[PDB]
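Descriptive analysis of the structure
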Amino acid sequence: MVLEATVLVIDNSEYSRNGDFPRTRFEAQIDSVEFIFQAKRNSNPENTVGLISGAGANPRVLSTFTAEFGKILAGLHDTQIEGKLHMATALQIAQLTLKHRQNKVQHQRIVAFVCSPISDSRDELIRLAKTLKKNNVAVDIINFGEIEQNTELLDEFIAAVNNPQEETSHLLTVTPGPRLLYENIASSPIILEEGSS
Amino acid sequence: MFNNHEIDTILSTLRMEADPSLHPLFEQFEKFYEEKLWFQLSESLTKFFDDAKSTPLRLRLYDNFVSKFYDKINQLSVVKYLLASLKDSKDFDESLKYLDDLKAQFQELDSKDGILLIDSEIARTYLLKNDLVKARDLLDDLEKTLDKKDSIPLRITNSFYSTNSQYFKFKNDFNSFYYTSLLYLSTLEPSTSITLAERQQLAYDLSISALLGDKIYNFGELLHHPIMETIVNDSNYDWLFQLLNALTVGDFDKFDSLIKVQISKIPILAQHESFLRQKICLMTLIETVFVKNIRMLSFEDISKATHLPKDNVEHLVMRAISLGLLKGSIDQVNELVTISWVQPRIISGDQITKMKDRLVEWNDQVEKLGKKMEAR
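What the deposited record gives as its method is cryo-EM, and the resolution it gives is 4.6 Å.

Written out as structure tokens, the structure reads:
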């Protein structure tokens, strides 16, 4: 399936600080990641992902490019739990991240938790979306927001990135309730179905 | 009110779900307390707003999901309030009651982050003063703890300095304290939104502890920083401002006029203003009057030029680091101060140009000599 590089964008933030379904959102993030990434490395071996901090007051990579457990290793340690949006920056990093993605012919992909109220500007958002589509990044987002984060950038964005779907962007905006993220997104073409372009 | 009632229920309440907040007994007691806009500190983002100053008896109901504080609202999250806000409940046994429950819970139960509580519990004790002894003792431990720490919060010292100040606040040593609090302001300087009655009254006590400092003067200070208007204004701040005036003017009865009890409560400023007037006269007498490689100032008329008299000169001027400060010595006969530095100072615009001039003067001229020597 997938030969492309991915990035995992985690906000550990006003949502992740706060359990959206067990045990925390931020924790609900976690095993969903490996779940995803498993299927990602099951998509193909060599399928690579990044992991950054969209959380806190500091954007940064948490797990760099790899292809196995070293992420699951890397993700093992915490984050600022109540932290705040670096998303644009984080994404813009995740972009540059994918600009260094290893042994290319790997297309660019990004997977983004939304644990933050999502403060950004539409143009910047779409400049990202442009830059992505320019860079030709696959972009799928994990969002359970207040309301959710939607009718917003995230909605324009997946569109704005997207001439072709998974060569640019697909969306899922995570729902509340006994909605297991990995169970939820098992549906969405964030994972499975058609996996790359 | 909306924040508590509407926020308590919708707030979190559900952050958060089927918890003790919106539980039978739970929602009642606030409603039982009020919807009336004074409240119990409302569980996350609005308690994150709410210090709300009706005493929380959601004391208990904040304390829910605190077992879930693992998987639930999680941060410091607690002495954010309570241990902050009900620290401000202002009883004696109260704090002590929850001091061992919170320090033993968020440090054991949840642990078996707390450092900032470790200071809160320890620091909070010290509000109660109880006895500078036990205060300082574990305070210095609280300090000793703090020492090695690289702590992202200033809040730790913003606890501690306030705390350690609080310690000195009970005390004199505003030389320390005022400074210590002066430290604390520089610690609060980035962060920690506060109240004016917190703002000035501290900065008052600060501005006061300038007096019960007084000092290695000082003279000029954090008055620059937004303690002013803010502090002065009026009341003793008038004084505190007029004292800044006396920190320049140094006329006794421009102030010994003003003196009421509190300032006359320590009369030693009457010495300190002499200490001032001298030093106040001195500093500029020092900073400028000689510019021309400033030293001499020696003594008497120059010392009476402080318009404090010659036989006190025979002390005040005579004393130097017996003023805590001055260097140099005395020619008794010729009536000459020997002086040296231990005088800091300020201003701008002036020697600025002079600076590079000579220092480019040799410089340029050097190049003449500086022509061939090691080259050739």
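Now, onward.
1. As for the overall build of chain A
When helices and strands are counted, chain A shows seven helices and seven strands. The order of α-helices and β-strands along chain A, N terminus first, is β-β-α-β-β-α-α-β-α-β-α-α-β-α. The burial tally for chain A puts 55% of its 197 residues in the buried class. Pairs at least 24 apart in sequence give 75% of the contacts found in chain A among residues at least 6 apart. For chain A, the distance from the average position of its 18 positive side-chain charges to the average position of its 25 negative side-chain charges is 6 Å.

2. Some remarks on the UniProt feature "domain: PCI" in chain B
Feature annotation in UniProt assigns "domain: PCI" to the following positions: residues 176-344 of chain B. With 46% helix and 2% strand, residues 176-344 of chain B has end C-alpha atoms that lie 19 Å from one another.

3. Concerning the interface of chain A and chain B
Tallying the contact residues gives eight residues for chain A and twelve residues for chain B. Residues belonging to the side of chain A that touches chain B are distributed by class as follows: one nonpolar, three polar and four charged.

4. A look at helix α3 (residues 87-99) of chain A
The first and last C-alpha atoms of α3(A) sit 17 Å apart over 13 residues, in line with the 18 Å expected at 1.5 Å per residue. All buried positions along α3(A) are accounted for by A:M87, A:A88, A:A90, A:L91, A:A94, A:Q95, A:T97 and A:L98.

5. Some remarks on the packing of aromatic side chains
Residues and elements named next belong to chain B. In this structure the tally under the stated criterion is six aromatic pairs over all chains. Ring geometry for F174 and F177: centres 5.2 Å apart, planes at 85°, overall edge-to-face. One end of the pair, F174, and the other, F177, are both in helix α9 (residues 174-188), three residues apart, so they sit about a helical turn from each other. As far as the burial class goes, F174 and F177 line up, both buried. Aromatic pair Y204 and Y237: ring centres 4.9 Å apart, planes at 75°, arrangement edge-to-face. With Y204 in helix α10 (residues 196-211) and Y237 in helix α12 (residues 236-246), the pair connects residues that are 33 residues apart, well separated along the chain. Take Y237: its relative accessible area is 11%, and that puts it in the buried class. Sitting over the ring of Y217, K279 keeps its end group 3.5 Å from the ring centre.

6. Comments concerning the environment of A:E27
Topologically, A:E27 is positioned in helix α1 (residues 25-43). Each C-alpha atom of the pair A:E27 and A:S16 lies 7.5 Å from the other, and the pair is eleven residues apart in sequence.

7. A word on the packing of helix α4 (residues 122-135) of chain A against helix α5 (residues 153-161) of chain A
Residue and element names in this part refer to chain A. Contact pair α4 / α5: the axes reach a minimum separation of 8 Å and the direction vectors enclose 30°. Considering the angle they form, α4 stands roughly parallel to α5. In this structure, the crossing between α4 and α5 has a hand that is right-handed. Each of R122, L125, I126, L128, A129, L132 and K133 in α4 lies in contact with α5, whose residues at this interface are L153, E156, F157, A160 and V161. In terms of residue class, the contact of α4 with α5 is made up of nine nonpolar, no polar and three charged.

8. A few points about unusual backbone geometry
Residue and element names in this part refer to chain B. Put simply, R15 and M16 share a cis peptide bond, and its omega is 0°. Despite not being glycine, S44 has its phi angle at roughly 70°, a positive value. Positionally, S44 belongs in the loop between α2 (24-33) and α3 (59-62). Of note, the phi angle at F65 is positive, near 45°, even though the residue is not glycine.

9. A word on the nonpolar core
Ranked by internal contacts, the top residues of the largest apolar core, which has 56 residues, are B:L82, B:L83, B:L142, B:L206, B:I227, B:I231 and B:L240. No other element matches the seven residues that α9(B) contributes to this core. Beyond its immediate chain neighbours, meaning those up to four positions away, B:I231 contacts B:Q200, B:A203, B:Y204, B:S207, B:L223 and B:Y237. Core analysis: the second largest hydrophobic core is formed by 50 residues, A:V7, A:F37, A:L153 and A:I185 among them.

10. Here we look at a nonpolar patch on the surface
Residues and elements named next belong to chain B. A cluster of nonpolar side chains, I352, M355 and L359, forms an exposed patch at the surface whose accessible area comes to about 310 Å². Within the element layout of this structure, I352 appears in helix α17 (residues 351-369). Residue class for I352 comes out partly exposed when judged on its relative accessible area of 49%.

Reading guide: rules and limits
Residues numbered from 1 in each chain as written, not as in the entry; some residues may be left out. Chains lettered and ligands numbered in written order. Part of a larger assembly, values for the part shown. Heavy atoms only, no water. Residues with missing side-chain atoms left out of burial classes, pairs and counts. Helix = DSSP H or I, 4+ residues; strand = E, 2+ residues; numbered from the N terminus. Buried < 20%, exposed > 50% of the residue type's maximum accessible area, 1.4 Å probe, protein only. Contact = heavy atoms within 4.5 Å. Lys, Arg positive; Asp, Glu negative; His and termini not counted. Charge placed at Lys NZ, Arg CZ, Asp CG, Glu CD. UniProt positions renumbered as here; feature names shortened; annotations may be inferred. Nonpolar A, V, L, I, M, F, W, Y, C, P; charged D, E, K, R; others polar. Expected span 1.5 Å × (residues − 1). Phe/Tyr/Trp six-rings, centres within 6.5 Å; stacked < 30°, edge-to-face > 60°. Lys NZ or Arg CZ within 6 Å of the ring centre and 35° of its normal. Axes fitted to C-alpha atoms, helices over the stretch in contact; angles between N-to-C directions. Parallel < 35°, antiparallel > 145°, perpendicular 65-115°, else oblique. Left-handed = near helix turned anticlockwise from the far one by under 90°. Core = buried A, V, L, I, M, F, W, Y, C linked by side-chain atoms within 4.5 Å. Patch = residues over 30% accessible without salt bridge, like charges linked within 9 Å, V, L, I, M, F, W, Y side chains within 5 Å. Areas by Shrake-Rupley, 256 points an atom, 1.4 Å probe, with all protein chains shown as cover. Salt bridge = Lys/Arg side-chain N within 4 Å of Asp/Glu carboxyl O.

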